[PDB]
Structure formats: C-alpha cells, structure tokens
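Here is what each chain is made of, one letter per residue.
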Amino acid sequence: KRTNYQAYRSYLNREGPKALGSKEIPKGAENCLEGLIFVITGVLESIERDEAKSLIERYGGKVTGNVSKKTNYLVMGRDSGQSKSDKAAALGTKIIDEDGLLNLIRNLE
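Attention here is on the structure that accompanies the text. (Residues numbered from 1 in each chain as written, not as in the entry; some residues may be left out. Heavy atoms only, no water.)

This brings us to the layout of surface pockets. For the largest pocket, the calculated volume is near 510 Å³. Taken together, 19 residues form the lining of the largest pocket, with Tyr8, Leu12, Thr41, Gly65 and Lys84 sitting closest to its centre. Of all the secondary structure elements, the ones that give two or more residues to the lining of the largest pocket are α1 (6-12), β1 (37-41), α2 (49-58) and α3 (82-91). For the lining of the largest pocket, the residue count by class is 4 nonpolar, 10 polar and 5 charged. Here the second largest pocket defines a volume of roughly 200 Å³. Around the second largest pocket, the lining residues are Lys23, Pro26, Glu45, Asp97, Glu98, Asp99, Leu102, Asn103, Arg106 and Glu109. Among the residues making up the lining of the second largest pocket, the classes are represented as 2 nonpolar, 1 polar and 7 charged. (1 Å grid on protein atoms, 1.4 Å probe; cavity = no way out; pocket = protein on both sides within 12 Å on 5 of 7 lines; lining within 4 Å. Points joined across faces, edges and corners; volume = space filled by probe spheres on them. Helix = DSSP H or I, 4+ residues; strand = E, 2+ residues; numbered from the N terminus. Nonpolar A, V, L, I, M, F, W, Y, C, P; charged D, E, K, R; others polar.)

Below, the structure is given as structure tokens:
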C-alpha cells in the first residue's frame, strides 16, 4: 500500500514543450469554463501545468488534481492511472486531450 507513485511523477512532468506559447490562452468567452471543474492529469503536448491552471481559473473554472463529481471533463494526457480514470468513468466524466481543453474555448470564440 503506497499511494504515491514515484514513477508517475516522472511521466507527468516529463514533457518536452516545443509548442509552448503557441496553443496557449485563447480568446474564448470568459464564462466558457465558468461553473465547470477541470481536472488536469497526465502529460499533455506542451503546456506548463500552471498555464493550464491559470487559464482554467481565469475562465471561471476551478482546477483541481482530483476528479470530483462536478468535473464533466477530465483532461488526460499520457498517464495510465486507473485510480483517477475510474472515478471519472463511473461518473460519465468524459476524457479530453490538451487539444480538447482548448477546443471548447476556441468554440466560444
């Protein structure tokens, strides 16, 4: 019984942002993420977690690391944690990619 998976920290923070400052921060509606809880897990394409978090928070969303019952959208990059995914799955919380996160906001442009 170990709840900290050291291997996961390696994967989740092993990103090679070559498109950092390219896909980031759209001009969507300020209300787009407002009232929606976003949970970011796994390694995305290229995003510093804070830029995601600040973005989510800025657009009225709450960013948290644990999938809640009001999440709706689980941003999942490369990680295979059954633990976080199962909760989302049981709720019907849909899994999205980095592109998916921005895709919603891009729609509100």
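Still more ground to cover, so stick around.
Bringing unusual backbone geometry into the picture now. Most peptide bonds adopt trans geometry, and most residues besides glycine take a negative phi value. In this structure, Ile25 is a non-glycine residue whose phi angle is positive, near 55°. Structurally, the position occupied by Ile25 is in the loop between α1 and β1. Despite not being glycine, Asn72 shows a phi value in the positive range, around 70°. Take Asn72: it is sitting in the loop between β2 (62-64) and β3 (73-76).

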